[PDB]
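# Observations on the model geometry
Below are the chains, spelled out letter by letter.
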Amino acid sequence: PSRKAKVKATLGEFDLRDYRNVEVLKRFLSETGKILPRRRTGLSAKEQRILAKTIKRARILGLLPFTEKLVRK
Amino acid sequence: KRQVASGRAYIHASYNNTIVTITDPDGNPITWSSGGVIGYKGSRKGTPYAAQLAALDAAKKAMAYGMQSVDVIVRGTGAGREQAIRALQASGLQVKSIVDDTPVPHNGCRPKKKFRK
Amino acid sequence: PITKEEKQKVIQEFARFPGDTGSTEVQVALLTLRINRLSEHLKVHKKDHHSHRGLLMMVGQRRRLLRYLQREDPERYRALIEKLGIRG
Amino acid sequence: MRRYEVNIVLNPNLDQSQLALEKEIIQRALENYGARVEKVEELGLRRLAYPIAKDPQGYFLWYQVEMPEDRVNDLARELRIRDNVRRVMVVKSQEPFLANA
RNA sequence: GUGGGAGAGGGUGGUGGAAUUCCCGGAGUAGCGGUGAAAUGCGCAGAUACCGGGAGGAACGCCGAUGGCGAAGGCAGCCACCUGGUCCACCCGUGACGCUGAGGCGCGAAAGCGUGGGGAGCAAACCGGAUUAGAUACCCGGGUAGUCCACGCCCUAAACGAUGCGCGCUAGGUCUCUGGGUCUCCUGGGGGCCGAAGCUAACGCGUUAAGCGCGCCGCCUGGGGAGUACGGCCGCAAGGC
Ligand SMILES: NC[C@@H]1O[C@H](O[C@H]2[C@@H](O)[C@H](O[C@@H]3[C@@H](O)[C@H](N)C[C@H](N)[C@H]3O[C@H]3O[C@H](CO)[C@@H](O)[C@H](O)[C@H]3N)O[C@@H]2CO)[C@H](N)[C@@H](O)[C@@H]1O
Ligand SMILES: NC[C@@H]1O[C@H](O[C@H]2[C@@H](O)[C@H](O[C@@H]3[C@@H](O)[C@H](N)C[C@H](N)[C@H]3O[C@H]3O[C@H](CO)[C@@H](O)[C@H](O)[C@H]3N)O[C@@H]2CO)[C@H](N)[C@@H](O)[C@@H]1O
Ligand SMILES: NC[C@@H]1O[C@H](O[C@H]2[C@@H](O)[C@H](O[C@@H]3[C@@H](O)[C@H](N)C[C@H](N)[C@H]3O[C@H]3O[C@H](CO)[C@@H](O)[C@H](O)[C@H]3N)O[C@@H]2CO)[C@H](N)[C@@H](O)[C@@H]1O
Ligand SMILES: NC[C@@H]1O[C@H](O[C@H]2[C@@H](O)[C@H](O[C@@H]3[C@@H](O)[C@H](N)C[C@H](N)[C@H]3O[C@H]3O[C@H](CO)[C@@H](O)[C@H](O)[C@H]3N)O[C@@H]2CO)[C@H](N)[C@@H](O)[C@@H]1O
Ligand SMILES: [Mg+2]
Ligand SMILES: [Mg+2]
Ligand SMILES: [Mg+2]
Ligand SMILES: [Mg+2]
Ligand SMILES: [Mg+2]
Ligand SMILES: [Mg+2]
Ligand SMILES: [Mg+2]
Ligand SMILES: [Mg+2]
Ligand SMILES: [Mg+2]
Ligand SMILES: [Mg+2]
Ligand SMILES: [Mg+2]
Ligand SMILES: [Mg+2]
Ligand SMILES: [Mg+2]
Ligand SMILES: [Mg+2]
Ligand SMILES: [Mg+2]
Ligand SMILES: [Mg+2]
Ligand SMILES: [Mg+2]
Ligand SMILES: [Mg+2]
Ligand SMILES: [Mg+2]
Ligand SMILES: [Mg+2]
Ligand SMILES: [Mg+2]
Ligand SMILES: [Mg+2]
Ligand SMILES: [Mg+2]
Ligand SMILES: [Mg+2]
Ligand SMILES: [Mg+2]
Ligand SMILES: [Mg+2]
Ligand SMILES: [Mg+2]
Ligand SMILES: [Mg+2]
Ligand SMILES: [Mg+2]
Ligand SMILES: [Mg+2]
Ligand SMILES: [Mg+2]
Ligand SMILES: [Mg+2]
Ligand SMILES: [Mg+2]
Ligand SMILES: [Mg+2]
Ligand SMILES: [Mg+2]
Ligand SMILES: [Mg+2]
Ligand SMILES: [Mg+2]
Ligand SMILES: [Mg+2]
Ligand SMILES: [Mg+2]
Ligand SMILES: [Mg+2]
Ligand SMILES: [Mg+2]
Ligand SMILES: [Mg+2]
Ligand SMILES: [Mg+2]
Ligand SMILES: [Mg+2]
Ligand SMILES: [Mg+2]
Ligand SMILES: [Mg+2]
Ligand SMILES: [Mg+2]
Ligand SMILES: [Mg+2]
Ligand SMILES: [Mg+2]
Ligand SMILES: [Mg+2]
C-alpha cells in the first residue's frame, strides 16, 4: 500500500546532515524506531543514504530511539 | 492477598504454548496461567483454544485479587496470541490497551539450525 | 595526508622551468613523496594489504618513468636520482 | 587543522556549581588539547528517546571547534573520563545538505 | 597539474543500542520445554512467564536496493585518525614515457595447524531421546574441537560471468547508481533488462559481445585407470604443486 503520503512532501527545506533536529527526524521513523524505506520517505538514493547516517548519530546521542513498542494491535 | 485492581497482562505466545502472566503495575507477578495449567499436555498447549483457556484462567485468578483493568503486552508470534487477547478482551476485565513488545535482535546471536535459512 | 602546500612545494622544487607541472622530474618527485609517505604508513599497519597494492603500483609507475628518463637524458636522470635519493 | 563539532550530554541532576565546574573541566581540557572554540550552543536539558545511565533526560552541550586532527581521539578520550559526562560524540564538520530547498 | 564528486575499498583506536546466556534481587507457582506424536532434558535446592540490577561474549535489525566499493578472495552499527583505488570539469604540463607478461614476488573464502588468550550463542566428533525392518541419518535434548582475538602457518574451492588482459570498430530502446553542462534536454563513468547487424551445435551472446579486428599470456587434444604411481619441490602436520 503506502499511499498515505510521502515524508518529504510534508516537510519544507531542511538539513539532511543535521543530527540534532529531533522533530524533523522523527518524521522519518515508523511507529517503531525503524527507519522508513524510501517508498515512504519519498527521498532519493543519495538523500536517503545521508538521512540514515544522521539518524544513526541522533540515536547514539539519545535524541532518537533505536526501537519502540507497537501500540493498539 | 493484596487488592491490586489495576495491572498488566503479559501474553507470551510461542508455537508450543501460551503463558499469560498477570502483574501489578510495577511488573511483579500476581497470577499466571498456561496451556499446561489447564489440563492440556502435549502439542495441545499450542492451540488457540488452550490460549483462550489460559487467558480466562489467569484473568479469573487475577480478578480474585480484585483486578478491574489491565494493560496487555504481547510477546512472540504464535497460534492464539490473538485468541488469548480476545479471551482477555471480554474476560470481564477492561483491557485499556494492547502492545506488541516482541523482542528481536539487531543481529547478535547465531540461531539454532532450526531457525537459520 | 598531503596538503596543497607540501605538494606545490615539491612541484616548484623539481619543476624544469616555471609552470612545469607534468614533466618527468616532477612526476618522479611527486611519486617519491607519495611512496615515502605510504611506506611510512605501512611501517605500522603491516596488516593493510590493500594499500600495499597501491604502493606496488606507484613504485612500478615510478620505475617506468625513470627508465624512460635514463633512456632519453642520462644527465637529467643522474641528477634526479641524486637529488631525490633513489636507486641507491 | 580541521574543524569538528563536539557533543556532550551531561547529568540532568547537576546544581549550578557542579554543572559550571564540569563546563570548566570541559573548557580547560579542550584548550589543553589545542582546540579553539568557534561557536557554542548550550541547549540545556532535554528529553531522551531512551534512558542514558538510568536517567530519562540529559543535558546537551554543542561546540564548533578547530583543532589538530592527531589530537581529536585523545581529546574525546579525556572528555569521557568525567563521571557526570554521559555522552560524547565528536564529528567532522560538514556543509549542510538540503532537500526541498 | 588544478579544482570538484560518490563509495560496506583497507588498517588502528574508540564507542552505541537490541537480543541470547549467566549471576544477584524482588514478585509469583506447577509446570516449562520440545515434536508429526513424543521422550530424553529442565523444574519444590521454586523452573517457566514478569520487573530491577550486574557480568561477559559475539553479531550489528530498520536504512538495504533490482544498490555501492574492491584485482581477486571479499567488504555493512556509530566516531576519529591513518591509507589505497576511482570518476567528472578546465585543455594547463611531460612528449610514445605504451600493451602484454614465462619465471620471480605479493594477496588469497571456509575448513585445517602452532603458541597464547577468549569462550555468550551456535556446534564436527561425541553422549543421550525418538523414528525405523535396521537408522552408525534426517527430528528432539546435551556437547568438545572449532566458530572469536593476536601472532605465525596452510594456498584450496561451483576462487564462477564456469567467459584472460589491453585497444579500435559495428542500430537503437528502457531502468538505475554517480559526475558536468545553455538542467524538458545535452555530455562522461558504472550497474541491469529488450533488442540492429552479426555470431552460435543449440541454449543463447549482442557498445558490459560470446560480433568485427590486432597484440601478448595461460590452457585443451576420446572415456576409465587417475589427480593415482614414481621423482622432485613446498608444508609442523593435514596436505599442496
Ligand atoms: N572476521 C569477520 C568474518 O566473520 C565471518 O562470519 C560471518 C559469516 O559466517 C556469515 O556471513 C553471512 C553470509 O555467509 C551470507 N551469504 C549472508 C549473510 N547475511 C551473512 O551474515 C551477515 O549479514 C549481514 C552483513 O554482515 C549482517 O546483518 C549479519 O549480522 C551477518 N551475519 O555471518 C557471519 C557474521 O557476519 C567469517 N568468520 C569470516 O568472513 C571473517 O572472520
Ligand atoms: N573495536 C575496535 C576494532 O578492533 C578490531 O579488533 C579488536 C576487536 O575485535 C576486539 O576488541 C574487544 C576485545 O578486546 C574484548 N575481549 C571483547 C570485545 N567484545 C571486543 O570488541 C569487539 O569484539 C567483536 C569483534 O570480533 C564484536 O563481536 C564486538 O561487538 C566488538 N565490541 O578485539 C580486537 C583487539 O582489540 C579491529 N582492529 C577493527 O575492527 C576495530 O579497530
Ligand atoms: N575511504 C575512507 C572514508 O572515505 C570517505 O571520505 C573519503 C572520500 O570521500 C574522499 O575522496 C577524495 C575525493 O573527494 C578527492 N576529489 C580526491 C581524493 N584523491 C579522494 O581521496 C582518495 O584518494 C586519496 C589519494 O590521493 C586517498 O588517500 C583516499 O583514501 C581516497 N579516498 O577521500 C576521503 C578519504 O578516503 C568517508 N566519508 C570517510 O568516512 C572516510 O575517510
Ligand atoms: N590457556 C589454557 C586454557 O585453554 C583452554 O582451551 C585450550 C585447550 O583446551 C585446547 O587444546 C588444543 C587443541 O584444541 C588443538 N586441537 C591442539 C592443541 N595442540 C591443543 O593445545 C594443547 O596441547 C599443547 C601440547 O600438546 C600445549 O602446548 C597447549 O598448552 C595445550 N592447550 O586449545 C585451547 C587454546 O587454543 C581454555 N579455553 C582457556 O580458557 C584456558 O586458558
Ligand atoms: Mg507444546
Ligand atoms: Mg579530500
Ligand atoms: Mg594504471
Ligand atoms: Mg636518445
Ligand atoms: Mg572518538
Ligand atoms: Mg570502511
Ligand atoms: Mg542484556
Ligand atoms: Mg531470581
Ligand atoms: Mg526430575
Ligand atoms: Mg538452587
Ligand atoms: Mg523492582
Ligand atoms: Mg534481566
Ligand atoms: Mg566489479
Ligand atoms: Mg561471491
Ligand atoms: Mg597542450
Ligand atoms: Mg585529459
Ligand atoms: Mg612542446
Ligand atoms: Mg600488467
Ligand atoms: Mg620482487
Ligand atoms: Mg586463506
Ligand atoms: Mg578461519
Ligand atoms: Mg587454533
Ligand atoms: Mg567465543
Ligand atoms: Mg546447543
Ligand atoms: Mg541419535
Ligand atoms: Mg523404513
Ligand atoms: Mg545409518
Ligand atoms: Mg535406536
Ligand atoms: Mg541431556
Ligand atoms: Mg544438536
Ligand atoms: Mg600461486
Ligand atoms: Mg557464480
Ligand atoms: Mg555479465
Ligand atoms: Mg560481473
Ligand atoms: Mg594497465
Ligand atoms: Mg543536475
Ligand atoms: Mg558490482
Ligand atoms: Mg538477426
Ligand atoms: Mg537462431
Ligand atoms: Mg536459458
Ligand atoms: Mg540479449
Ligand atoms: Mg550503459
Ligand atoms: Mg588444466
Ligand atoms: Mg595446469
Ligand atoms: Mg587420456
Ligand atoms: Mg586412454
Ligand atoms: Mg586434491
Ligand atoms: Mg609425492
Ligand atoms: Mg619436510
Ligand atoms: Mg608425506
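X-ray crystallography is the method the PDB entry lists for this structure, together with a resolution of 3.2490 Å.

### Notes on the interface of chain A and chain D
With 23 residues of chain A at the interface, the matching set in chain D holds 24 residues. Between chain A and chain D, roughly 2,000 Å² of surface is buried when both sides are summed, and carbon and sulfur atoms account for 56% of that area. Summed over the three residues of chain A that lose the most area to chain D, namely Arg17, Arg20 and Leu61 of chain A, the buried surface amounts to 31% of that side. Connecting chain A to chain D are one salt bridge. Between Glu41 of chain D and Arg20 of chain A there is a salt bridge, with the nearest N and O atoms lying 3.6 Å from each other. For the interface between chain A and chain D, the tally reads 15 residue pairs in polar contact. Mapped onto the side of chain A that touches chain D, the elements with two or more residues apiece are strand 1 (14-15) and helix 4 (45-61) of chain A. Considering each element in turn, the side of chain A that touches chain D owes the most residues, seven residues, to helix 4 of chain A.

### Concerning the arrangement of the chains
The top pair by number of contacts, from a total of three pairs of chains in contact, is chains A and D. The two partners chain B and chain D share no contact, and the minimum distance between any of their C-alpha atoms is 15 Å.

### Describing helix 1 (residues 4-14) of chain C
Residue and element names in this part refer to chain C. Buried residues of helix 1: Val10, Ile11 and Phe14, and no others. The buried residues of helix 1 occupy one face: seen down the axis, they fall within an arc of 105°. Opposite the packed face of helix 1, turned more than 90 degrees from it, sit the exposed residues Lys4, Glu5, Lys9 and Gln12.

### Here's the deal with the packing of helix 3 (residues 49-72) of chain C against helix 4 (residues 74-84) of chain C
All names here are of chain C. Two elements in contact, helix 3 and helix 4, have axes separated by 5 Å at closest approach and are oriented at 135°. With respect to each other, helix 3 and helix 4 are oriented oblique. Contacts between helix 3 and helix 4 involve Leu66, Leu69, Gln70, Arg71 and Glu72 from the former and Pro74, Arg76, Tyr77 and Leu80 from the latter. Counted by class, the contact of helix 3 with helix 4 contains five nonpolar, one polar and three charged residues.

### Details of the packing of aromatic side chains
Here the structure, examined in full by the defined rule, presents three aromatic pairs over all chains. Centre to centre, the rings of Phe66 of chain A and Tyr50 of chain D are 5.5 Å apart; their planes meet at 65°, and the pair counts as edge-to-face. Linking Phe66 of chain A in the loop between helix 4 and strand 2 (70-71) with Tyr50 of chain D in strand 2 (residues 36-52), this pair reaches from one chain into another. Note on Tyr50 of chain D: relative accessible area 19%, which makes it buried. Measuring from ring centre to ring centre gives 6.1 Å for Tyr40 of chain B and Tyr49 of chain B, while their planes differ by 70°; the resulting arrangement is edge-to-face. On the basis of relative accessible area, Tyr49 of chain B is assigned to the partly exposed category, the value being 41%. For the cation-ring pair, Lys83 of chain C lies above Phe14 of chain C, with the distance from its terminal atom to the ring centre recorded as 4.6 Å.

Rules used throughout
Residues numbered from 1 in each chain as written, not as in the entry; some residues may be left out. Chains lettered and ligands numbered in written order. Part of a larger assembly, values for the part shown. Heavy atoms only, no water. Contact = heavy atoms within 4.5 Å. Buried area = accessible area lost by both parts, 1.4 Å probe. Salt bridge = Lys/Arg side-chain N within 4 Å of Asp/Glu carboxyl O. Polar contact = N/O pair within 3.5 Å; in protein donor to acceptor, adjacent residues only side chain to side chain. Helix = DSSP H or I, 4+ residues; strand = E, 2+ residues; numbered from the N terminus. Buried < 20%, exposed > 50% of the residue type's maximum accessible area, 1.4 Å probe, protein only. Arc of directions from axis to C-beta. Axes fitted to C-alpha atoms, helices over the stretch in contact; angles between N-to-C directions. Parallel < 35°, antiparallel > 145°, perpendicular 65-115°, else oblique. Nonpolar A, V, L, I, M, F, W, Y, C, P; charged D, E, K, R; others polar. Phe/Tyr/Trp six-rings, centres within 6.5 Å; stacked < 30°, edge-to-face > 60°. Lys NZ or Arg CZ within 6 Å of the ring centre and 35° of its normal.

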